[PDB]
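Numbering follows this note's numbering, with no gaps: position 60 of the sequence shown is 50. From the three backbone atoms N, C-alpha and C, an ideal C-beta is built for every residue, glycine too. Encoded as structure tokens, the structure appears first; notes follow it.
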Amino acid sequence: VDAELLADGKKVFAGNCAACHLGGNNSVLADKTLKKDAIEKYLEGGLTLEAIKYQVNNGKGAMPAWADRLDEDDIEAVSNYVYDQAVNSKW
Ligand code: HEM
């Protein structure tokens, strides 16, 4: 996986997502974390980059939609960061 893509995604995550997903968890709805088993259980589409990106773009519930707030490169990077963190158990 491109190291600069992940680094970019980490930065986007710190700036925009860690407020509700510190540590890969979820301070708003505790079960629906960014960890692999939670994503597999709760995210529509399961643990895929497409699924992650879809929810980052379009929101869900109290998860804000970001497609009108972040550019496509930031959305791609943060989705790849979250996927990498989850699939590789890096949180
Ligand atoms: C920052 C751009 C950001 C990302 C990235 C992100 C990702 C994300 C995913 C992938 C999920 C699904 C997790 C699951 O187990 O199902 C998810 C879910 C929720 N999020 Fe989020 N999220 C980002 C930002 C934020 C912010 C700033 C908040 C709080 C204001 C937030 C909240 C939540 C909530 C609530 C959920 C659960 C949605 C649901 O199914 O009800 N996210 N996020």
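One or two residues paired with residue i in a DSSP bridge
{"i": "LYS50", "result": "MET53"}
Of the listed residues the options, nearest to residue i (C-alpha basis)
{"i": "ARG59", "options": "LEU(-4), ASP(-8) and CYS7", "result": "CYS7"}
{"i": "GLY49", "options": "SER69, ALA(-3), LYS80 and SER79", "result": "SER69"}
{"i": "residue 99", "options": "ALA28, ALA41, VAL46 and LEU33", "result": "The chain is shown from -9 up to 81; residue 99 falls before or after that span and cannot be answered."}
{"i": "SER79", "options": "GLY13, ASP(-8), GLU66 and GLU(-6)", "result": "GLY13"}
{"i": "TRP81", "options": "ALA41, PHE3 and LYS43", "result": "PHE3"}
{"i": "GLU(-6)", "options": "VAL77, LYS31, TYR71 and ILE42", "result": "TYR71"}
N- and C-terminal bounds of the alpha helix (DSSP H) containing residue i
{"i": "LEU37", "result": "Unbroken run through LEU37: none, as it is neither H nor E."}
{"i": "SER79", "result": "From DSSP, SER79 is part of no alpha helix (DSSP H); its letter is neither H nor E."}
Distance between beta carbons of residue j and residue i, contact taken as under 8 Å
{"i": "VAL(-9)", "j": "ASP74", "result": "6 Å"}
Counting pairs of beta carbons, one from the stretch 54 to 61 and one from the stretch 23 to 35, are three or more of them closer than 8 Å? no
For the stretch -9 to 10 against the stretch 30 to 42, do three or more pairs of beta-carbon atoms, one drawn from each stretch, fall closer than 8 Å, so that the two count as touching? no
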